[PDB]
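This document opens with one chain alone, in structure tokens, the form deposited in one PDB entry.
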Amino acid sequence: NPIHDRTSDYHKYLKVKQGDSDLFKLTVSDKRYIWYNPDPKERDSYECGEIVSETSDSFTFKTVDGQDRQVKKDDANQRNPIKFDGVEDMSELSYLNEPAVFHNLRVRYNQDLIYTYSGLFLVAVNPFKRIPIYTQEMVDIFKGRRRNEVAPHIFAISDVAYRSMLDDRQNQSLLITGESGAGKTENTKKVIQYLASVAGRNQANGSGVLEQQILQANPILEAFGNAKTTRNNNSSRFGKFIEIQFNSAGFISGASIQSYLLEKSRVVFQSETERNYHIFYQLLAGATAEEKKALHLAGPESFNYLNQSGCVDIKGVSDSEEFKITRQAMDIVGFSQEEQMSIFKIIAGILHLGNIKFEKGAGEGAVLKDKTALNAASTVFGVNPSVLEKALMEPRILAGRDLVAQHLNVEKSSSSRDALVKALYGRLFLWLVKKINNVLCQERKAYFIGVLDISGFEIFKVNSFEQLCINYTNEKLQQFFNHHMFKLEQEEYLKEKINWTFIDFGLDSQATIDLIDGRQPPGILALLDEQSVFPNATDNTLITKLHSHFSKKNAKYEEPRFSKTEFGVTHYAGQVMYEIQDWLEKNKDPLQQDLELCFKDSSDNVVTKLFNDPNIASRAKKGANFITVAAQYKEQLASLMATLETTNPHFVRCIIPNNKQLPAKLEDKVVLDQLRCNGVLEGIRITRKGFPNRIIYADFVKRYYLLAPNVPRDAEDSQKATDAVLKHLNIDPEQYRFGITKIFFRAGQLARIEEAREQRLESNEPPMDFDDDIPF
């Protein structure tokens, strides 16, 4: 067994290295140490000092240099006995404080051990380097193992979820949190892998093929939906809820993906040093010359949407090599060889349209002198060039009931062309997602395990509407954790009347969540929508309204003194200053009907669908206007949170080590912030200070029954049989507390008492054998 062979890759890569004699001499030392601050100014930079002397309320230690300071014992950050350094579960630490909890993560991380448990939830500090812990071999190890039996691993919590789904017959979900570039997506993938191989049919195409498809899906989505931002080379610019469905038996019956809030302004604009979506870069430098000549493609720097950020390559990635993998996945899912081409015709077309140059006519209406790009785009799109032209600069609109044709100036024509682009892409993602889900969804599920993988919290120099929506979400998920961890939990202890003194773990971002989506009184997204429907409304009228409502009124809000177009929101992960520029047209999402009228008329069977399929081209109507971006997302989100609330949640807090995407560089001010706002320690204090073990006296007969002399799975009070089954074994009763519909146990006490009789081969079935028919 690899688990026990201290030679296996399992031991080499998942277990902490055996120490040496010097270490032992140290581990048994009688000395006591303190975690202190060499420089008060910098709280998060700690040094280990030896406690030299003490008094009733204070410790006195010597610093690294040699000077001695004291500190009242209450404000002392005691260092845990070094036999703890490396603990796979910080729930066990004797002293639970920031430097102590950070030192364990340092120790383990310096050993390439990225996983550690902080109670019921797992932790994952980005390695920023590959580690052989996700092989089929490591998959097999974890399958069917109790969490205690094995080391912390994304595969463990997955399995744990699985058993719980099968056992309680309750749907489950894996919520992976983290800021931008912390591992969420990487860990997301492992959950599927493990879940696909462990609960899959061993390949009967349908179930070994259905699984290959499920697996081949993500690369597709990551090709058109991910990109290089200044915080991650593979940033997920759209969230998603992946659902893995199981039949009543417990085998993978199917899966379905639900995309969310895709940053579609990226196709037309990328900040300095970033990249458009990979998809463009792959097809461009990865397509056959024959294909290269059919879409009139050329060098990335030739296309306006790709040559502006000053970055066309990603250190370590081969767009051509990646382009292949993409086509490889499209085939596994089911995409036709025809469909795929359109996909690229549409992408080539999105590039050409962006090259289109509008110029001032003799008058103020813009003109197109060069038709080269206009026709290239129209050509591969199956549309009519002159129709497109007229649609771009002279869109017909209604004046009351009149039909007036507009004549956009350069500025307005450009923006229209961009609206076309973005609209084109957004539909395609949707479609690609839509198309895909029909392959993977072909049987009514019995149960499912949801895997939420969103865009993490981000703070760029210019933060717009997308960034507000993104952080709004990251704030919503965070509260989902708080609620479940402290709110629901404590609320459970209160009525049981278990005599639980309420604790306020100081974690609650309701004020911030309210300032954004609240309706009455109106939060930010409310006034925004309201401004979005008023005729003579402008960005200025908007920030002013926001200011008007919240400046010097709301605590999570701030009106800057250095700007008249930015407003600051205080998030759990930090304050974020938002530029209000373009929020109106962004929230309205405009597109000229003539353009939409121009594409429905497309010869290409893929494009046509984008503008004709109602669930692709349509848009809800909110009375006299269409539904706003801010309104549907709030709606989509609320729907998810509704879906989430109906499951049993498993948390995984991913932690970025530094801000340089570098391995072996765990910066401590960075890590500590994350652990702080994430509420990790608080997440640990609650499991320690609480009784998380709980079962009614009915299910008490499930495992604790014959414990004792006489006292079976049957009785007419099981509350009578309670204090008799453990009392006989005299289990500390100060460990549990019998409040009243069921009974609680403290800190995995159910476990020690479990193995008391669990790993009991003494009478477990080796009494039959003593005076058998061995008597004559």
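Sequential numbering from 1, following the sequence displayed. So that the term is clear: the rigid core is the largest set of C-alpha atoms that superpose within 1.5 Å between two forms.
Beyond the structure shown, there is the form deposited in another entry, which is absent from this document and is the topic of what follows.
For the listed set 462, 624, 698, 403, the sole C-alpha moving 2 Å or more between this form and the one not shown on a rigid core superposition is that of 698. With the core held fixed, residue 205 shows a CA shift of 2 Å or greater between this form and the one not shown.
Relative to the superposed core, residue 58 shifts its CA atom by less than 2 Å between this form and the one not shown.
The Cα position of residue 719 differs by 2 Å or more between this form and the one not shown after fitting on the rigid core.
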